[PDB]
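Below: the structure, in structure tokens.
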Amino acid sequence: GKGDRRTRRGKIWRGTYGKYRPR
Amino acid sequence: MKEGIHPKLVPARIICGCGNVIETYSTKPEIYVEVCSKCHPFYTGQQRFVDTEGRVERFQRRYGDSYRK
Amino acid sequence: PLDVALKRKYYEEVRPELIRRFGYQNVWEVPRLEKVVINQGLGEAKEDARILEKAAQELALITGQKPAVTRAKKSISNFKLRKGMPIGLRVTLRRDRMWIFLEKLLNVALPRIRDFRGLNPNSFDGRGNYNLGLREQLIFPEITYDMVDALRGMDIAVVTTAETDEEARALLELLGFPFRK
Amino acid sequence: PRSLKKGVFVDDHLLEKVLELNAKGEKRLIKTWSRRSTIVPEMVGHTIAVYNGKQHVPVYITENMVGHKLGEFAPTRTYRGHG
Amino acid sequence: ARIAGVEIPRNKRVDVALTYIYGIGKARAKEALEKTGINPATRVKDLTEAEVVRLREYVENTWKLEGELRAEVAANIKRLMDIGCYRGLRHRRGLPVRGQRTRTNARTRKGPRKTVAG
RNA sequence: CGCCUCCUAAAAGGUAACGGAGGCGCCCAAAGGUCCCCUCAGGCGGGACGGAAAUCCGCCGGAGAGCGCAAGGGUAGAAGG
RNA sequence: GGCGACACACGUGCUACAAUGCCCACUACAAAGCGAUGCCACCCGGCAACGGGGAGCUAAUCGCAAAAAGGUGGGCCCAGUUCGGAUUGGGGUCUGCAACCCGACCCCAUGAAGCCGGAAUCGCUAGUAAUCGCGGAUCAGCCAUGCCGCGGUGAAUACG
Ligand SMILES: [Mg+2]
Ligand SMILES: [Mg+2]
Ligand SMILES: [Mg+2]
Ligand SMILES: [Mg+2]
Ligand SMILES: [Mg+2]
Ligand SMILES: [Mg+2]
Ligand SMILES: [Mg+2]
Ligand SMILES: [Mg+2]
Ligand SMILES: [Mg+2]
Ligand SMILES: [Mg+2]
Ligand SMILES: [Mg+2]
Ligand SMILES: [Mg+2]
Ligand SMILES: [Mg+2]
Ligand SMILES: [Mg+2]
Ligand SMILES: [Mg+2]
Ligand SMILES: [Mg+2]
Ligand SMILES: [Mg+2]
Ligand SMILES: [Mg+2]
Ligand SMILES: [Mg+2]
Ligand SMILES: [Mg+2]
Ligand SMILES: [Mg+2]
Ligand SMILES: [Mg+2]
Ligand SMILES: [Mg+2]
Ligand SMILES: [Mg+2]
Ligand SMILES: [Mg+2]
Ligand SMILES: [Mg+2]
Ligand SMILES: [Mg+2]
Ligand SMILES: [Mg+2]
Ligand SMILES: [Mg+2]
Ligand SMILES: [Mg+2]
Ligand SMILES: [Mg+2]
Ligand SMILES: [Mg+2]
Ligand SMILES: [Mg+2]
Ligand SMILES: [Mg+2]
Ligand SMILES: [Mg+2]
Ligand SMILES: [Zn+2]
């Protein structure tokens, strides 16, 4: 869900980028 | 040796993942294993596994030293 | 008698080295191997289950010998056990079957133990005997994951003709028992 | 933590103390407030009195406590328990 | 004992089954499949013995796993507890180590509630 | 208030008191007959779960165990398993 | 140094307990705002946070900026699970003189409770509820799941 930093949804919720939510 | 109550033993082979073939007598004439005595790390001297750096927990990094001495 | 490699190795490489190290003047002074006794203290089959049959079948496959039932010698409330009820199994291995079982143990059973770092060097009886304890039964080659229903351990008694620990220790390391430092 | 492109931080007022000790009779009892200062391997062997906000706690440094900070070895709150 | 002394479940894909090993996650369960030439889409029950032995060898050679990893973690926690570190002190009492609040919450560490008389 | 065991009871037997202590009014279809085999309690050391104490191994241990139920006598060269 | 304590008790919230779902890839569609010790295009290096070059924009011109739910295709097949993401170990980035007490973020490993919640109790009558994302003030950085705003999709029911 939104509480997991290792997913697209979780990175979107935290407003950050990384391997799972690239820019 | 009583009769009718003991599983009869037959000649058998045990094959390991490392290709080792051990010859013995067993109740099953063909056995396959994943580790034997000739490839287990504790038997082949040390066979250092994924951990081999002695934990390097002392001051054995020297952590730079580019700062003033 | 079946030509077991472990018995062959004892008479070829171990006996001549033992007399070299300890200087026995008699060929019957050098330590021999007497018997192996495997005990399974189930304790869960007192009255809640007749699951002794499942363990008897598994033990017979590992050693080739049908084990015998051991009964309680008295009643104890704290264990909720009555006198005369079956609470264990035991099998005695001698001669060829003794040699065959130890060869499998040293070669295909002990290497399969989780986080094996060697055997206890302080488990020697003090008069020339050794005892080790196992927690798992699926490490033996004849046991597969399919027919395993419950986890069970055992105690293995190794009895030698050696009089002292130091002479019994020498026989076991040469035979192939790996010990911790 | 601190970035490795930067060096490990020492306040340079306690570093001068241990350095001056190392060549002038290298064992005494130093009192410091720099809880943020990182322990250095040179600091091993010294007994440093670190402020907890109320008192100086003596800390004897060893090898396995080199990368930490001094403040982690002077607890600041006294709890015991409830009751 | 199939891989690293553990039995990865059948009827599941190899990448999903690998994560059942202590020390192996989804990222490593993809790395161990992109370095042994094995399709992640296949089930564990359908694998050639060469694939199984190569995967086992590569996994047990690459990463510290299972009991060895547990020993490393426990040794690190013991090191923190012995030297009198603040994290060591909070490991002694079973309290949060990463600076969380303890007036409320902190139930994963402290366990069940222990209501008293107010 | 009948019966059994010990003491009092004075080294044969017997011996009183509202003298000193305890039990019985059953039980077992094997806990009976015979043949064959076996030998304890305890202590020390070793052994997965498993401990003061389960089951297993080694050593010492002559009867301190056991013998359905009180006590006494008897008893492993068995009356015990 | 403390306001960050911690046998406990309460209020307001956030995330869930799954298939009208979760994950992955591609592909659409807003509004209102902010930006000169600033916003940062694009290119290069690292899985990444980010770092090194370096345009344009004192901004209906350049940037933040990717909207997300959606649409298409594939994977998972009823499990404490490819549900859930707490706790902890390790390796790092950045801000700051300085992240131990006491910051945020990235990566690896760990993968807790939780199977829809007792007595009880709250909001809401239409572009409302529900659900999805976006901006701003404070501000070096941020413990914002708060607050003030903005738009997307869009119900049920009112007998009395
Ligand atoms: Mg002996
Ligand atoms: Mg795993
Ligand atoms: Mg009368
Ligand atoms: Mg009568
Ligand atoms: Mg007389
Ligand atoms: Mg007489
Ligand atoms: Mg007389
Ligand atoms: Mg008279
Ligand atoms: Mg008279
Ligand atoms: Mg009377
Ligand atoms: Mg009388
Ligand atoms: Mg009596
Ligand atoms: Mg009576
Ligand atoms: Mg009577
Ligand atoms: Mg009868
Ligand atoms: Mg009788
Ligand atoms: Mg009789
Ligand atoms: Mg007696
Ligand atoms: Mg009685
Ligand atoms: Mg008698
Ligand atoms: Mg007797
Ligand atoms: Mg006798
Ligand atoms: Mg406050
Ligand atoms: Mg706190
Ligand atoms: Mg309130
Ligand atoms: Mg609440
Ligand atoms: Mg939340
Ligand atoms: Mg899961
Ligand atoms: Mg998940
Ligand atoms: Mg801080
Ligand atoms: Mg649970
Ligand atoms: Mg469920
Ligand atoms: Mg209420
Ligand atoms: Mg109204
Ligand atoms: Mg909140
Ligand atoms: Zn092998």
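We use all heavy atoms of the structure for the numbers below, so side chains are in, but hydrogens, waters and symmetry mates are not. Residue numbering restarts at 1 for every chain, and letters A, B, ... go by the order of the sequence lines.
- Taking the six-membered ring where the residue is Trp, C:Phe140 and C:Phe101 present parallel rings, their angle staying beneath 30° rather than reaching 60°.
- Of the nucleotides present, none pairs with G:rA41 by Watson-Crick or G-U wobble criteria with both distances under 3.5 Å.
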Between the protein and nucleotides 41-49 of chain G, are there any N/O to N/O pairs under 3.5 Å, and if so, what are the atom names and distances?
{"residue": "G:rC47", "atom": "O2", "partner": "A:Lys19", "partner atom": "NZ", "Å": "2.4"}

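- Listed candidates were G:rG89, G:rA99, F:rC56. Nearest to the side chain of E:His91 is G:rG89.
- For C:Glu136, the salt bridge (charged side-chain N to carboxylate O under 4.0 Å, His left out) partners at least two apart in sequence or on another chain are C:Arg114.
- Between the side chain of E:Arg98 and the base of G:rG89, at least one donor-acceptor pair of N or O atoms lies under 3.5 Å.
- Glycosidic conformation, G:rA18: anti, with the torsion outside 90° of 0.
- The separation of F:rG2 from F:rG42, taken at their P atoms, amounts to 44 Å, rounded to a whole angstrom.
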Are there any protein N/O atoms within less than 3.5 Å of an N/O atom in nucleotides 45-52 of chain F, and if so, which ones and at what distance?
{"residue": "F:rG45", "atom": "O2'", "partner": "C:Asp125", "partner atom": "O", "Å": "2.8"}
{"residue": "F:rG45", "atom": "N2", "partner": "C:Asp125", "partner atom": "OD1", "Å": "2.7"}
{"residue": "F:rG45", "atom": "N2", "partner": "C:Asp125", "partner atom": "OD2", "Å": "2.8"}
{"residue": "F:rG45", "atom": "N3", "partner": "C:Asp125", "partner atom": "OD1", "Å": "2.9"}
{"residue": "F:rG46", "atom": "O4'", "partner": "C:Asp125", "partner atom": "OD1", "Å": "3.4"}
{"residue": "F:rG46", "atom": "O2'", "partner": "C:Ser123", "partner atom": "O", "Å": "2.8"}
{"residue": "F:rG46", "atom": "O2'", "partner": "C:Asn131", "partner atom": "OD1", "Å": "3.4"}
{"residue": "F:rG47", "atom": "OP1", "partner": "C:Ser123", "partner atom": "OG", "Å": "2.7"}
{"residue": "F:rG47", "atom": "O2'", "partner": "C:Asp155", "partner atom": "OD1", "Å": "3.1"}
{"residue": "F:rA48", "atom": "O4'", "partner": "C:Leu134", "partner atom": "O", "Å": "3.3"}
{"residue": "F:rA48", "atom": "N9", "partner": "C:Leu134", "partner atom": "O", "Å": "3.4"}
{"residue": "F:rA48", "atom": "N6", "partner": "C:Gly41", "partner atom": "O", "Å": "3.2"}
{"residue": "F:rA48", "atom": "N6", "partner": "C:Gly153", "partner atom": "O", "Å": "3.3"}
{"residue": "F:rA48", "atom": "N1", "partner": "C:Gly153", "partner atom": "N", "Å": "3.2"}
{"residue": "F:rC49", "atom": "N4", "partner": "C:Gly41", "partner atom": "O", "Å": "2.6"}
{"residue": "F:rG50", "atom": "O6", "partner": "C:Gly41", "partner atom": "O", "Å": "3.2"}
{"residue": "F:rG50", "atom": "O6", "partner": "C:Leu42", "partner atom": "O", "Å": "3.0"}

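- Ion pair C:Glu142/C:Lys104 flagged as a salt bridge, since at least one NZ, NE, NH1 or NH2 atom sits closer than 4.0 Å to an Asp/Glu carboxylate oxygen.
- Residue-to-nucleotide contacts include no donor-acceptor pair under 3.5 Å from the side chain of D:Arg36 to the base of G:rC100.
- With the cut-off at 3.5 Å for both distances, G:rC83 forms a Watson-Crick or G-U wobble pair with G:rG114.
- Under 3.5 Å, the side chain of D:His82 and the base of G:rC6 form at least one donor-acceptor pair of N or O atoms.
- OP1 or OP2 of G:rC108 has at least one side-chain nitrogen or oxygen of A:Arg6 nearer than 4.0 Å.
- To the nearest angstrom, P of G:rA66 lies 11 Å from CZ of A:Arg21.
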Just the table, please: protein N/O against nucleotides 2-4 of chain G N/O, every pair under 3.5 Å.
{"residue": "G:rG2", "atom": "OP1", "partner": "D:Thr76", "partner atom": "OG1", "Å": "3.3"}
{"residue": "G:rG2", "atom": "OP1", "partner": "D:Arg77", "partner atom": "NH2", "Å": "3.4"}
{"residue": "G:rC3", "atom": "OP2", "partner": "D:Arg77", "partner atom": "NH2", "Å": "2.9"}
{"residue": "G:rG4", "atom": "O2'", "partner": "D:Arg77", "partner atom": "NH2", "Å": "3.0"}

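- Near-neighbour residues of RNA chain F inside residues 108-118 of chain E, defined by a heavy atom below 4.0 Å, are absent.
- Taking C:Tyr10 as the reference, C:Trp99 meet the ring-ring contact (aromatic ring centres under 6.0 Å, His included) condition, with sequence neighbours excluded.
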Report summary line: Protein-proximity profile, nucleotides 78-84 of chain G, B/S/- by nucleotide at the 4.0 Å heavy-atom cutoff, equals ---SB-S
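- The side-chain hydrogen bond (donor to acceptor under 3.5 Å, both in side chains) search around C:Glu173 returns none, not counting sequence neighbours.
- For the consecutive pair F:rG64/F:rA65, the pyrimidine-type rings do not sit with centres less than 5.5 Å apart and planes less than 30° apart, so they do not qualify as a stack.
- Under the 30°/60° scheme for interplanar angles, the aromatic rings of C:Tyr130 and C:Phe177 are found to stand perpendicular.
- G:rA41 adopts an anti glycosidic conformation, its chi angle falling more than 90° from 0.
- In this structure, E:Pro96 reaches the sugar-phosphate backbone alone: every heavy-atom distance under 4.0 Å involves primed, P, OP1 or OP2 atoms, never a base.
- Across all strands shown, E:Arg107 has heavy atoms under 4.0 Å from sugar-phosphate atoms exclusively, and none from any base.
- At least one side-chain nitrogen or oxygen of A:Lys11 sits closer than 4.0 Å to the OP1 or OP2 atom of G:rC107.
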Requested in this report: Scan nucleotides 138-151 of chain G nucleotide by nucleotide, 5' to 3', and note B when protein non-hydrogen atoms come under 4.0 Å of the base, S if they reach only the sugar-phosphate, - if neither.
Outcome: -------B------
Report task. Would you check, one step at a time, whether the test side chain to side chain contact (heavy atoms under 4.5 Å, CB included) holds for C:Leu110 with C:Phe116? Result -> CA-CA 7 Å; C:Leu110 292 157; C:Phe116 188 62; 4.1 Å; yes
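- Residues passing the side-chain hydrogen bond (donor to acceptor under 3.5 Å, both in side chains) test with D:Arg35, sequence neighbours excluded: none.
- Under the rule for a side-chain hydrogen bond (donor to acceptor under 3.5 Å, both in side chains), E:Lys110 has no partner lying at least two apart in sequence or in another chain.
- Residues that satisfy the side-chain hydrogen bond (donor to acceptor under 3.5 Å, both in side chains) test with C:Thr164, not counting sequence neighbours, are C:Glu166, C:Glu167.
- Note on E:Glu60 versus E:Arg56: no salt bridge recorded, every NZ/NE/NH1/NH2 to OD/OE distance being 4.0 Å or above.
- The side chain of A:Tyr20 contributes an N or O atom lying less than 4.0 Å from OP1 or OP2 of G:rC108.
- Look at F:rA65: it lacks any Watson-Crick or wobble partner with both distances under 3.5 angstrom.
- Under the Watson-Crick and G-U wobble criteria, each requiring two contacts below 3.5 Å, nucleotide G:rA130 is paired to G:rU153.
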